[PDB]
Amino acid sequence: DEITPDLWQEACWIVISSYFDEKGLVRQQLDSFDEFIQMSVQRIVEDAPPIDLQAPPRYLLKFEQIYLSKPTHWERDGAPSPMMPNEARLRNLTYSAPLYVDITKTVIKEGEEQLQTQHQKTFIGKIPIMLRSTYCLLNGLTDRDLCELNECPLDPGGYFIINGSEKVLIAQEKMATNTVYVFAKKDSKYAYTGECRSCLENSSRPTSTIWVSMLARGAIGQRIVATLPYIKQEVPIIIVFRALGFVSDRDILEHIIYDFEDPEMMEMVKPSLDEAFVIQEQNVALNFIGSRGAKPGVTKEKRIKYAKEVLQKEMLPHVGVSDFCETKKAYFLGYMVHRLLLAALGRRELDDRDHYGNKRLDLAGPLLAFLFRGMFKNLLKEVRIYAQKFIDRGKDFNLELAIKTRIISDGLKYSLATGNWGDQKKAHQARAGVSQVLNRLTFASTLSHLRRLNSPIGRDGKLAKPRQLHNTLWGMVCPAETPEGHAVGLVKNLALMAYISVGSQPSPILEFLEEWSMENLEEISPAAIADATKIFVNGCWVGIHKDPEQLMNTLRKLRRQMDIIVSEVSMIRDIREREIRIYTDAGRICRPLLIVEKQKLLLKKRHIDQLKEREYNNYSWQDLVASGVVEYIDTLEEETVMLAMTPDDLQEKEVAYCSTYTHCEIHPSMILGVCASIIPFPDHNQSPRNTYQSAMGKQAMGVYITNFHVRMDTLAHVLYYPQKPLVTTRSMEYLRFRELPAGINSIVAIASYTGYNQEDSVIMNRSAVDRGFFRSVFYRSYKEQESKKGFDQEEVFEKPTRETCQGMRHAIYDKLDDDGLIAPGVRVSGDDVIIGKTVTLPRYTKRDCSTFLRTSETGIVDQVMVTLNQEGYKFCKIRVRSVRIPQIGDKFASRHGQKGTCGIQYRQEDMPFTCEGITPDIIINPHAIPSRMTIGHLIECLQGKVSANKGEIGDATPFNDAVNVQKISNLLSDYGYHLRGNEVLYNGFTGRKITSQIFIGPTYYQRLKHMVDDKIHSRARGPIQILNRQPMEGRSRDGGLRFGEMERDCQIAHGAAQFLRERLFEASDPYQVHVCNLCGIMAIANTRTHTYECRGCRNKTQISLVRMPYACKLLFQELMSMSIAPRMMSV
Amino acid sequence: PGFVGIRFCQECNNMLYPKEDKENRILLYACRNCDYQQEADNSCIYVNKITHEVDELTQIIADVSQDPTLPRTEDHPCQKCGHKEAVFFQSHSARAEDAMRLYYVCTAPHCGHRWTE
Amino acid sequence: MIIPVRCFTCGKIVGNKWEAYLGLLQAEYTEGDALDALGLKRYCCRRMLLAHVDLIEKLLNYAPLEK
RNA sequence: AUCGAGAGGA
Ligand SMILES: [Zn+2]
Ligand SMILES: [Zn+2]
Ligand SMILES: [Zn+2]
Ligand SMILES: [Zn+2]
């Protein structure tokens, strides 16, 4: 029955495999989008108010149902056809499906003359579709079906195709809503502040933040204030309580202080009462609120109405926005004050801003919902204006012409295309970085980009606290994978078994709590709240309970049985403070864990047995979760959980550590993400090395996707001979690194050989490189289109001619065909022409606008595709193919942060060799190891020697006590090798033995995208910028290198004044001006007629020539634009 | 000394503020909303414990013994019920510097005795 | 994508051994014994056969450009 | 070609 330790390493990984058979790696994206389409769009459409318009006749126009068909495309003839994602990629279409809404317009004029007209399936917009979602044409297709459609079966999906560009929505971090968080700002007028970003269940407005603060000590005592929304002045809490109908101080403290035996709380609230005694009735308090507001009505009536509306709608919407909710709002605001007092009295800890239990991940669904709310509101507005301008004339109108569908369509398309998350007009208030271009450089880069999280703290911020690896990231975020540049700690990555909750309605839970012995908050007396336990659901205090323990037992039983409580519902019992917080909302990152009985796992051997035959008896992960054996625990419920790292922790020990565990890790290696799960032995490296590899696995070459032959990507690198690593971890089985690997096993020798590998460099074998070692192919796609925008000027693909075309370069166009397009198989060098495009003029009647190769490439045309774009003019894509043979300067890396460029390449006779004539493919310098402490590199090399000599794949899973260095060495000594991986090598040049026995063996190396040929650049009098006549910027522009301020300072320190003048004047922008010797302002010179005159001074004899930079002339002219007179006085 | 609690009027249920009656030279607690008055019984109006000599045993609740994440010990039996097992934990409360002190709670149900060594 | 022709290190021909290697593996050989049957004694050539991923078999799941 | 944004390298 029990899984014994000897079977555990199989059982756990069997369980893990079942998880990845059920979910995958992009499950969060697909589930978010599916919830958005199934629920969020319908909720948004129904939550909009019916637009009642009347001059008389009236019309309501109620939207009642939505229909999202499959993705289709409409040609110029208008025939709807099912559009495949690959066709969208090739034709630069948007993989979107039409959204139709049912509309009901009832005519009501008078005399009960009512009649309803329903417009079924009114086309309301087009919604882009996430690939492999339920509403994707690739849904449920087999691998054969996907290959029939020219799709990769290993492609995870989880992205959109907007204008042929694959866009991926990055999950955005945000502070959780409807939760009270008591912080303390050191530099502020308030000692403690308790904030609550409140938002109603079905979002319709932004988060309304309410603060309840305490004024810092230094009138008599500490005063509690409340910064309500839409009010620009602090308001005493007692005033707010009275404005809600609680005038008696006893009632207010009944709502705030639940234990009247506690004078400390009492004296700390007393200043607030003493400050509010002149106001003692609800109307006066409402008048005070309205007066403190930023729109103080001259008459107290409208002041009181405004205060009523604010306190009913903007104050704590999550508690309830309807009327008669003042009791719930009063209880909740009293809870906020109670929490603030507990913090000020030291009875509760301040809340941690960085705790991921306090955070939420805004995924594709809830982000598209924000867009859709804004866009549907704008659409209903436009419909209101259109219908109003017609009914004002007293006649009917056609809603089909009122609905301008471009709002929703173009809005979603623009937002996903650019990443600016918001309305196109508010292009600066909008937050960019959402919806990035999917990284297709290697399969690991694609997976990681699809599992990418973002902390929008702002890269400019230099506070390290949000960048720090918090304790609560354990199991939810990769500890290693993070960019090492300016976004350290802000851009994160999901751990492998991390699941972001999609969201759920609290209705069944609330109904069960009602049927259960919970007492509502309006029905109780406050005297009961002392000993009772509060119950919050999605931040709303809904009631109280008397035995929280057996309530938690009941709820956990219900969730483990897949009863009314779904698996993703978090249920935290804080014991010391008697809250029970239940969460069903979306964005809660959680992970699966094995539940533990008294001191035993519930995962018995029968579950492993049924999981082994997963493909026959359809016993899956969901059956494991439904059995009550596995549980999803979120960051906030982990605080109440006692984990076992392994079932070995559940053994009874000579001194028991815990003996009351509640859960167990499925495997600790699941704390790593996609790119860190490729590192072998990451627990033997320094952690920065693991981070650098997690970044560098994403630039590694491989086969980024199986269907690369049909993709017209702008840039693509494919390795000739990708190999799976000889030394692998058990997590790559689910990353599909074995099916799409990104490196080669290289016989690497760590040695000092000729000095060409010093300081992070490598010596490669020229003979190996000749045999296809780390050879790659680079595919570059050029796009072009001939626009017939108007009869004024039209472009067209056609072989240009020297007699008709004007802007025709001296490059030869013979490689083009009569259609103007080069043919595949044609070898093209730099500056060559691949598309001959000519544009009609207003060297006559047509000018050359041909597409050249990006300079200095020298490839062969791989293929040419011709089609029609969305509007329907001819559209061409040409993929050119360039074989990249590794060379000096190309960057290579192992899986341990050990990067370096090729210093030199030696032939096989020049490389050092073992007694059996094995030469290293790569030689790396021993000095790269000691400071870096990448012992995982050495253990991987030794394990790889054992694996190659044994005919297996080494197990480098991080935390594995069945694999240590002594075992690997003992294994290697059985194959006739030195147990530590050393060998006697001979000098290739002289054949003499090397005195020091070299450490050599197979290690998995990666070829990175950074090849020297894509970086080398030179300039000598090339093109210049228009504004300031200085060299351009970039290799692509043939630009010059920037001689910056620091270079100026260095050369000033050198004392090299002529070199400094050469760099900053003569090699950048030499220029001449003519200055009036009297006024010092630039004069008018006419060198052809030799007439120089200053219009200002009315002189034409006292002019002087001045040699100045063009940028300085431009500066002085831009100062004269500002009415400044910079007078260059030559005397 | 001990703290002093707030007391409310019997008519308006607002807090009673302190006042002095010169005629009898006696402390009274009177409402500044209604016209109620009361004869005080403590004679103390304000108390500040600067030292903050708070007995944290009063802040503990027996329910904490149900926490699976707290450590348990068999070495400190309960003086009230004789149960062997007991959870222990530190103060973890602000304004307490010498907070390495351990507080124990009996894990027997319905006993919930709390103490300190 | 396809089995290399030569071993990158020594230059021994491994191109003619992939199919035989697979046939030995379905014959219930261990990978080590299979590599021994094909005469790959240096761990470089054993690396070549043992770490190869036949991606061409997946690229042949797509219909060609011309029928 | 310009502007912005994003992704990267040291
Ligand atoms: Zn002049
Ligand atoms: Zn009174
Ligand atoms: Zn006891
Ligand atoms: Zn070889």
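Lettering follows sequence order; numbering is per chain, from 1. Both ligands and their constituent atoms are indexed starting at 1 by order of listing.
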If only atom types and distance count, is the side chain of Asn42(B) paired as donor or acceptor with the main-chain N or O of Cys44(B) below 3.5 Å? yes

With no hydrogens and no angle check, is any side-chain donor or acceptor of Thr662(A) less than 3.5 Å from a backbone partner on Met642(A)? yes

Any chance the side chains of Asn1086(A) and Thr1091(A) put a donor and an acceptor closer than 3.5 Å? no

For the residue pair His1074(A) and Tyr1092(A), categorise the inter-ring angle as parallel (less than 30°), tilted (30 to 60°) or perpendicular (more than 60°). parallel

May I ask you to decide if the ring planes of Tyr258(A) and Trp541(A) are parallel, tilted or perpendicular, using 30° and 60° as cut-offs? perpendicular

Between [X] and [Y], does at least one N-O distance fall below 4.0 Å, as a salt bridge requires?
{"X": "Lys546(A)", "Y": "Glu519(A)", "value": "yes"}
{"X": "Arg114(B)", "Y": "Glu56(B)", "value": "no"}
{"X": "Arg72(B)", "Y": "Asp67(B)", "value": "no"}
{"X": "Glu349(A)", "Y": "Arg576(A)", "value": "yes"}
{"X": "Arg292(A)", "Y": "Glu234(A)", "value": "yes"}

State which residues pass salt bridge (charged side-chain N to carboxylate O under 4.0 Å, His left out) with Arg95(B); sequence neighbours excluded, sorted by chain then number. none

Number of protein N/O/S atoms less than 2.8 Å from the Zn ion (ligand 1)? 4

Which protein N, O or S atoms sit under 2.8 Å from the Zn ion (ligand 3)? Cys78(B) SG, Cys81(B) SG, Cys106(B) SG, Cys111(B) SG

Restricting to under 2.8 Å, identify the protein N, O or S atoms around the Zn ion (ligand 2) as residue plus atom. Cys9(B) SG, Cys12(B) SG, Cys31(B) SG, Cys34(B) SG

Dump the intermediate steps for ring pair (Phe, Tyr, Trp, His ring centres under 6.0 Å) on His255(A) and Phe246(A), then the final yes or no. CA-CA 9 Å; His255(A) 284 231; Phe246(A) 297 95; 4.3 Å; yes

Can the ring centres of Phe536(A) and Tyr335(A) be said to be less than 6.0 Å apart? yes

